[PDB]
């Protein structure tokens, strides 16, 4: 896995999103995906493919 | 309609979300729903029933 | 507008989705977007840019 | 965990959703959540709290 639980990540491009890794998913379309809880909006989680995300400090 | 385009709203409870009304939807489950663009995460939009949202200054 | 309320649409590519137009949204990232209620999963709605969708019979 | 990868589940109420468990997430709001890939709409995944889902054959 590219990321681990608790890593701070953001969307690289397009629609913005930033916060902590809180889970994972795997489909044929998205064989490595992550759930990210917004640091701005507690409790709201969105899922993205790994290629859409980057780790930040 | 309870809200109009550009109103600043937030989720009342549970998962947080805050930003501008940017659209509308209507289903039998949700006969009055709104699309809200996050003010923290430009470009990210989430849809909610009217009962889940409140207008703020 | 490309689509109207009640049009049957689908995602063109990638993640699948199919059902009726039930609303609209507009942001700078997505100046023409639509809400689509799944015909398979009543009550579940997802929003997409117009370029991601096609009308079907 | 209540569910495992590959279990067939559905939403119990409200907005419908049905398909296979494809991942997991954990937040304070949702300490046990699951990602479910629709069986009707390949590639589309939605996340829900465990209490919202039930396993089916």
Item to check | For residues of A:14-26, the mean tally of beta carbons on other chains within 10 Å | outcome: 6
Checklist outcome for this item: Rounded to whole angstrom, the alpha-carbon centroid of segment D:8-57 lies from that of chain C at a distance of 21 Å
Checklist entry - Averaged over peptide D:44-54, how many Cβ atoms belonging to another chain are found within 10 Å of each residue's Cβ? => result 3
Checklist outcome for this item: Over all viewing directions the Cα convex hull of the protein assembly as shown casts an average projected area in nm² of 12.3 nm²
Item to check | Stokes-Einstein translational diffusion, chain B - Kirkwood Rh over all Cα pairs, 0.890 mPa s, 25 °C, in µm²/s | outcome: 222 µm²/s
Item to check | Calculated FRET efficiency for the pair residue D:56/residue B:8, C-beta based, R₀ 30 Å, to 0.05 | outcome: 0.15
Next on the checklist: If I take every Cα pair under 8 Å that is 6 or more residues apart in chain D, average their sequence separation and divide by the length, what percent do I get for the relative contact order?
Outcome noted: 34 percent
Next on the checklist: Please find, among residues of chain A, the one with the beta carbon closest to the rotation axis relating it to chain C, distance in whole Å.
Outcome noted: A:46, 6
Checklist outcome for this item: at residue D:54 the sorted inter-copy label distances (label 7 Å from Cα on Cβ side), in nanometres, are 3.4, 3.8, 4.6
Checklist entry - Rounded to the nearest 5, what is the percent of antiparallel bridges among the DSSP beta bridges in chain C? => result 100 percent
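The numbers here are math on the coordinates, done by the rules we state, and not lab data. No Cβ is skipped: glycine too gets one built from the backbone with ideal geometry, and neighbour counts run over all protein chains shown.
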